[PDB]
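Undergrad: sequence, then the experimental structure. Questions to follow.
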Amino acid sequence: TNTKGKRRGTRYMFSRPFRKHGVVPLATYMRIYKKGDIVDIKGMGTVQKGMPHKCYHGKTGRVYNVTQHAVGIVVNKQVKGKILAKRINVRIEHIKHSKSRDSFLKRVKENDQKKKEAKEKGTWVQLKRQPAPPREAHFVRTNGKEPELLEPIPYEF
Amino acid sequence: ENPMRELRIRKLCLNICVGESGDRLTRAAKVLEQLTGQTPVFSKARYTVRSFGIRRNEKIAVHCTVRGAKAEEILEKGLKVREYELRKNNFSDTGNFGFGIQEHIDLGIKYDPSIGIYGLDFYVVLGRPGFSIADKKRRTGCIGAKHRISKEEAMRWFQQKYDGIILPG
Amino acid sequence: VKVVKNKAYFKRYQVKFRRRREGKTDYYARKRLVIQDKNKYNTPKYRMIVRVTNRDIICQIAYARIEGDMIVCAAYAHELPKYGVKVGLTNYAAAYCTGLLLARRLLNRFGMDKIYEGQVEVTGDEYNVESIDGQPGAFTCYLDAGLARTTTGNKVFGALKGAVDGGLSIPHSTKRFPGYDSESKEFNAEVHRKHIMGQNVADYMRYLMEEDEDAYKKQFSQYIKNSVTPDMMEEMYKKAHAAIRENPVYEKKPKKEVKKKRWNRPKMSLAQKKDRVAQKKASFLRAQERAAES
Amino acid sequence: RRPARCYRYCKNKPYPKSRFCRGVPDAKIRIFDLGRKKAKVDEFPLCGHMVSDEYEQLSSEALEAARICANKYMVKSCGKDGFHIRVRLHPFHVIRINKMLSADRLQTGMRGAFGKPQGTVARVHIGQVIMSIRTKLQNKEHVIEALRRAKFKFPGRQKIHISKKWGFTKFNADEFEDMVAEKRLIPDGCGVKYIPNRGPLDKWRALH
Amino acid sequence: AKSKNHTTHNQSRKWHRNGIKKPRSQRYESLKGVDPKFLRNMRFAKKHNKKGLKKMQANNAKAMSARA
RNA sequence: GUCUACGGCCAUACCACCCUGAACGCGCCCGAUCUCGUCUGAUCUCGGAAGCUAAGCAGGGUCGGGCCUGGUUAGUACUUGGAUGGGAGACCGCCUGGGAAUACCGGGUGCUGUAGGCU
RNA sequence: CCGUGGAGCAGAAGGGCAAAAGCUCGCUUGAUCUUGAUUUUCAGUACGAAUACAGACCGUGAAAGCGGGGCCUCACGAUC
RNA sequence: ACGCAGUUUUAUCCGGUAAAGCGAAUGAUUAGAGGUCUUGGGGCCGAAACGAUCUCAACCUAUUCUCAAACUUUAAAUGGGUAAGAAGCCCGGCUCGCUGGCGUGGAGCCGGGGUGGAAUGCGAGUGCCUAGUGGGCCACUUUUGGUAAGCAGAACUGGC
Ligand SMILES: [Mg+2]
Ligand SMILES: [Mg+2]
Ligand SMILES: [Mg+2]
Ligand SMILES: [Mg+2]
Ligand SMILES: [Mg+2]
Ligand SMILES: [Mg+2]
Ligand SMILES: [Mg+2]
Ligand SMILES: [Mg+2]
Ligand SMILES: [Mg+2]
Ligand SMILES: [Mg+2]
Ligand SMILES: [Mg+2]
Ligand SMILES: [Mg+2]
Ligand SMILES: [Mg+2]
Ligand SMILES: [Mg+2]
Ligand SMILES: [Mg+2]
Ligand SMILES: [Mg+2]
Ligand SMILES: [Mg+2]
Ligand SMILES: [Mg+2]
Ligand SMILES: [Mg+2]
Ligand SMILES: [Mg+2]
């Protein structure tokens, strides 16, 4: 009964936020959208030709097809039944890269360099990403000044 | 002691606003043709008065912009008609002044009885070398503060050239 | 007392662009001139940027990256005395000459010298550069006239004609070259060759020498005060095009360094600014102490 | 006139007078200052303000009756132009009425469930000031008694506080007499202008 | 005879009765939905790979076996 | 230390006012016979180069307005989860975690790619 | 002269737009034919709408490119 | 070892609610001050006179009071998507009727090299056939209409 048409809840989401109204920058176009690139979706208000849908905003997908002045992305969308991989045709202006895969490739390159150094010098490296360890038995310093005594203040309106 | 910063005539506007379209407006355009030797250009709507009977897109007025020595000659004829006596409120804050005349055959033109007795608005703007910046297509820049023409500069121009009288009353 | 001019206008003012506030771009034509279709992912879109300025014109071929526009080749009008054309640096002949210099310099940089001769004898026809099988193909470039209004006779099309006769495959029409009649749809090539060679301004120099020598001495002064006569101009541009097509190599200038400078006035520091403020405070207190008593 | 036993603490979103309502009648209160409206800042030193405790809704008719009672006690105590009272609270929340029996079961049912605008109340947060009275130093108890007479009339529980500030301004009365004289604060009618140091020098030249 | 209109209550629990499934297995991704000019590239490229790859790859395999 | 042409970041780079500009360059400027389009060579095109940094432009400044950033506001308003906590309600307090913004004050105001020329 | 959208974009509102998607001028019907894919509603069925393509004939533009109706969100219909 | 998760961690995007603000746009709204352009209404110098004066009305500037589910500069908590490898990384070479200055770019194909790649828990994937179900209710929290209901209607979770 909410009149389920296209973009019935997009008063804010497909809007340019503040001090950004105008022509689109050209570095949005001048990007390398090859196949297999993990990209993100963020709709634009200026270009009304290729915004995907209000349901795919903020999602993350994989490129399968590239054309003249758009791109094709497969996106895992959740519905009532189960999540499904869906094929969308989105223009270039709505799409940016995802730096998480780039950070993972940087970690893979650093691990390969550490493994090359390990095979060279015979030194074990422990290249697994361990989480935040518990704090070691470290040592504090209280020289010069006594610890400052804190007391709670009285109530004043 | 002033490097090429000289006040000169940028253009000269000629306007006749007739309360109807057709014969009288066409003869007013013929009068402006007899003055200038070039054809006028017409005006139109954005208002409908209904008090005296004009409508949308009617040719209400004729006007023409004259530049150069012909503009200086028509300015000389207009100040000869007025005998060089403007008022204080003619000069605008941007340094431009208009006065207008009635009895348009006072400029020295042989009157035909078939045309009619009209009048003509005279409006003068002043110019300095460097005002093509705000009008050229490529780099429309600002004019400036020390370069723009003011009330005092315009009235001192009219005191210096043509030997005019201010009449501040 | 009248107007509510600027209260939050400065706070909600959206600036357009640096180059647009300078007045050098539009970007509504640049978004279509520059950006390559994404079926290629790396192929640069070569653009001949022809900019007409006073006393010099610039003809370049460049492409785009995300960091900035990489210029492949460039040519300027002020090197035409070194390439043969001593005077007349901003004419249609210099536009055609700069386009020919730019095309020959680009093909010399790419090494495509012996093939793709283009149009040696300047005729003014619609010579379209074709590709030769078994050889590297033609150079596909596209125009950039900029903010100039492209009416028939604009010398950005003369630079285009110079590039095409030098051998740069640029798609173009014949209805914007000078000599195209507006009413009659037929194109005239003899008038266009005449306007390349600069014989109409030779006729205007004849017109000034016949009618009024005062204007002929007022303007055209560098011409008559070194040497210009129309038969030598008609031979001079014909020799200059051959002299450019035989040696486009662009010998540069050394320019080591000259370590002498005092021109730009530097900034002043925070303490210097605050002490200027403090000296203004102290001088106004001295004024209120002295001039109110005296 | 329905009681305030039924229109009560905040249970709905604020529904103000706007383009979408277009059916609200006129509010009960129209004015908000009753004492010396053109009073200078140094005339009345202190002020007492009425702090709420319950997150409630105060009606405009209750604000009317309270300001009439406080004005009457002030003109009985300190006479005309010996006080300045300001109702800090402004009514914007428009309540709705679903009236029936326009006496049988045969007019409507719960068919049209949305109501018509009856009156205007004002949403009150905890700690929000209802009224503020500025007077002299010797009129400390009269402000307390007037806000007590308003306390007997407003619903719920609320307290009183004599402010540390100098009247309606946000600056302290302990620093007011020390700091209006040297540099910064300049009197502007009943308000006080605070100048920063981030001004043009012509303002400092026009001052001092 | 008014009934309850619409609800999503007791729905996520029915979703998680059977463990909502990723597709989770697509090796050698499907090819339909891709540019027909790219397919006119790729099919002719694949059949000429099937035709003319023998001798140069064979000599390259012999060369890399001799050099490694 | 700079400028020109094309730009990327899109006000740290806009707006108002006042100073400085030696060399190229950028421009104002000088005129309509051809290409050109207008009522007007005002705008756009055609061959310039007699003067000029007056203007654009490029630097510096304003206890400048805005913008960005940092303290204060503030562990405050809020908020995931919990109680056989309080209170008639209104709401409030606590355990566990996350944690915002305006007034107020302080600092800055362009960084760079390609190609080319002047000290 | 100031004038960042305070106007206009056929109409109810929302988003968006300044050498522009607004106003004016000059040509033109791409509001053409055809096969697939996808989004929307969704049961991942249909209709309507829309998107990115592909193949012909084309329109404009100097070319870049843009256009297979309206700047976008609706304005419409199974068997027989 | 393969793989999975109503989960956490490390990175990367998404939003516009709670809050806060309107001396910031839109819409409302209170009060005082300063300035003097404009018109309208009173009083004064006195033939009348923007010749001159005081007040008021409107206007502007700096302030100040209170808000907005269909307002917003800013903007939480909670939450949603993605990556955390042998299906990955690199090297060499063929094909293309796609593209094209270029053996240029991109896809496909072939051969080779090294698996110890965040925590915790669990053995997983898939095919067929089909009953019943399609009248619900209550509670913490967030909320719509109503004065309120053991009232009617929604969101998460749990229970009957
Ligand atoms: Mg254009
Ligand atoms: Mg049911
Ligand atoms: Mg002519
Ligand atoms: Mg002509
Ligand atoms: Mg001129
Ligand atoms: Mg100067
Ligand atoms: Mg200058
Ligand atoms: Mg500066
Ligand atoms: Mg500042
Ligand atoms: Mg809680
Ligand atoms: Mg302007
Ligand atoms: Mg609209
Ligand atoms: Mg097509
Ligand atoms: Mg919302
Ligand atoms: Mg709120
Ligand atoms: Mg059964
Ligand atoms: Mg049943
Ligand atoms: Mg119920
Ligand atoms: Mg029931
Ligand atoms: Mg049970």
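TA: In hand now; what should we look at? Numbering: from 1, shown residues only, chains lettered A, B, ... in the order given. Ligands and ions are numbered 1, 2, ... in the order given.
Undergrad: and for the residue in chain D positioned nearest to RNA strand G, the neighbour number?
TA: Proximity of chain D to RNA strand G (C-beta to the nearest atom of the strand) peaks at residue D:19, 9.5 Å away. (Each C-beta comes from the backbone N, C-alpha and C, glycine too.) When neighbours are counted by other C-beta atoms under 10 Å in any protein chain shown, residue D:19 registers 5.
Undergrad: so where does it fall, helix or strand?
TA: Under the criterion DSSP states H and E, no helix or strand holds residue D:19.
Undergrad: from RNA strand H, how far off is it?
TA: Using C-beta to the nearest atom of the strand, to the nearest Å, one gets 6 Å for the distance from residue D:19 to RNA strand H.
Undergrad: now do the strands in chain A.
TA: A:38-41, A:60-66, A:70-78, A:83-91, A:95-97 (DSSP state E).
Undergrad: partner strands of the fourth one, with direction?
TA: Within its sheet, and counting by DSSP bridges, strand A:83-91 is paired with strand A:70-78 (antiparallel).
Undergrad: which single residue of chain A ends up nearest chain E?
TA: When you check chain A against chain E by C-beta to the nearest C-beta, the closest residue turns out to be residue A:65, at 4.8 Å.
Undergrad: which non-adjacent residue is nearest that residue?
TA: What sits nearest to residue A:65 in space, not counting adjacent residues and going by C-beta to C-beta, 6 or more residues apart in numbering or on different chains, is residue A:72, at 3.4 Å.
Undergrad: what bridges to that neighbour?
TA: Partner residues in beta bridges with residue A:72, using DSSP bridges, are residue A:65, residue A:89.
Undergrad: could you check how far it is from residue A:37?
TA: Between residue A:72 and residue A:37 the distance is 12 Å, computed by C-beta to C-beta, to the nearest Å.
Undergrad: do the same with residue B:91
TA: Using C-beta to C-beta, residue B:91 is found at 67 Å from residue A:37.
Undergrad: give me the contact list for the helix ranked longest in chain E.
TA: With residue count as the measure and DSSP state H as the assignment, chain E has helix E:36-51 as its longest helix. Under the contact criterion C-beta atoms under 8 Å, 6 or more residues apart in numbering or on different chains, helix E:36-51 has outside partners A:65, C:39, E:31.
Undergrad: burial count for the first one?
TA: Number of residues near residue A:65 (other C-beta under 10 Å) recorded here: 17.
Undergrad: that one and residue A:136, how far apart?
TA: According to C-beta to C-beta, residue A:65 and residue A:136 sit 53 Å apart.
Undergrad: now swap in the last one and tell me
TA: Using C-beta to C-beta, one gets 55 Å for the distance from residue E:31 to residue A:136.
Undergrad: and these two? which has more neighbours close in?
TA: For the pair residue E:31 and residue A:136, the greater number of neighbours falls to residue E:31 (11 against 6), based on other C-beta under 10 Å.
Undergrad: the more buried one: what's it in contact with?
TA: Under the criterion of C-beta under 8 Å, 6+ apart, the neighbours of residue E:31 are residue E:39.
Undergrad: let me know whether residue A:9 touches residue A:54 as I believe.
TA: Yes - taking contacts as C-beta atoms under 8 Å, residue A:9 lies within contact range of residue A:54: 6.2 Å.
Undergrad: for these two, indicate the residue with more neighbours.
TA: residue A:54 (14 against 9).
Undergrad: residue D:170: neighbour count?
TA: Using other C-beta under 10 Å as the criterion, residue D:170 is surrounded by 8 other residues.
Undergrad: next up, the contacts around it.
TA: Residues in contact with residue D:170, defined by C-beta under 8 Å, 6+ apart, are absent; none qualify.
Undergrad: next one: residue A:117
TA: When the contact criterion is C-beta under 8 Å, 6+ apart, the partners of residue A:117 are A:123, A:125.
Undergrad: got the phi and psi for residue D:171?
TA: For residue D:171, the backbone dihedrals (degrees, to the nearest 10) come out as phi -110, psi 150.
Undergrad: nope, residue C:116 is what I was after
TA: Per-residue torsions, residue C:116: phi 60, psi 60 (degrees, to the nearest 10).
Undergrad: run through the residues that contact residue B:101.
TA: Under the criterion of C-beta under 8 Å, 6+ apart, the contact list for residue B:101 reads B:78, B:81-82, B:107, B:119-120, B:122.
Undergrad: next, the distance between the ends of stretch D:183-194.
TA: 10 Å (C-alpha to C-alpha, to the nearest Å).
Undergrad: actually stretch C:145-153, not the one I wrote
TA: Distance across stretch C:145-153, first residue to last, is 13 Å (C-alpha to C-alpha).
Undergrad: how about whichever residue of chain C sits closest to chain E, nearest residue that isn't a chain neighbour?
TA: Each residue of chain C has a distance to chain E, by C-beta to the nearest C-beta, and the smallest belongs to residue C:39, at 7.6 Å. Distances taken as C-beta to C-beta, 6+ apart place residue A:68 nearest to residue C:39, at 6.0 Å, with adjacent residues excluded.
Undergrad: tell me the one of the contacts of helix E:36-51 nearest residue B:34?
TA: Checking the contacts of helix E:36-51 against residue B:34 with C-beta to C-beta, the nearest one is residue C:39 at 66.3 Å.
Undergrad: list the contacts of stretch D:66-77.
TA: Contacts with stretch D:66-77, where a contact means C-beta under 8 Å, 6+ apart, come from D:29, D:34-35, D:82-83, D:85, D:87, D:130-131, D:133, D:139, D:142, D:145-147, D:149-150, D:153-154.
Undergrad: switch the cut-off to 10 Å
TA: Counting by C-beta atoms under 10 Å, 6 or more residues apart in numbering or on different chains, stretch D:66-77 makes contact with D:29, D:31-35, D:50, D:58, D:80-87, D:89, D:130-131, D:133, D:135, D:139, D:141-143, D:145-154, all of which sit outside it.
Undergrad: can I get that stretch in PDB? Just the C-alpha atoms.
TA: Included here for stretch D:66-77 are C-alpha records, laid out as PDB according to Å, rounded to 0.1, in the frame of the first residue of the first chain:
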ATOM      1  CA  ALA D  66      -0.500  32.000  34.900                       C
ATOM      2  CA  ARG D  67       0.800  35.200  33.200                       C
ATOM      3  CA  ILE D  68      -2.300  37.000  34.400                       C
ATOM      4  CA  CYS D  69      -1.800  35.800  38.000                       C
ATOM      5  CA  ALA D  70       1.900  36.700  37.900                       C
ATOM      6  CA  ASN D  71       1.200  40.100  36.400                       C
ATOM      7  CA  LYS D  72      -1.500  40.800  39.000                       C
ATOM      8  CA  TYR D  73       0.800  39.900  41.800                       C
ATOM      9  CA  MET D  74       3.600  42.000  40.400                       C
ATOM     10  CA  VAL D  75       1.400  45.100  40.000                       C
ATOM     11  CA  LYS D  76       0.100  44.600  43.500                       C
ATOM     12  CA  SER D  77       3.600  44.100  45.000                       C
END
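Undergrad: interface residues of chain B facing RNA strand F?
TA: B:3-5, B:11, B:36, B:38-41, B:64-68, B:128-133, B:135-139, B:141-147 (C-beta under 7 Å from any atom of the strand).
Undergrad: how about the secondary structure of the residue of chain D most remote from its centre?
TA: Here the centre of chain D is the reference, and by C-alpha atoms, centre = their mean the most remote residue is residue D:106, at 44.5 Å. Using DSSP: H, G, I helix; E, B strand; the rest coil as the criterion, the local structure at residue D:106 reads coil.
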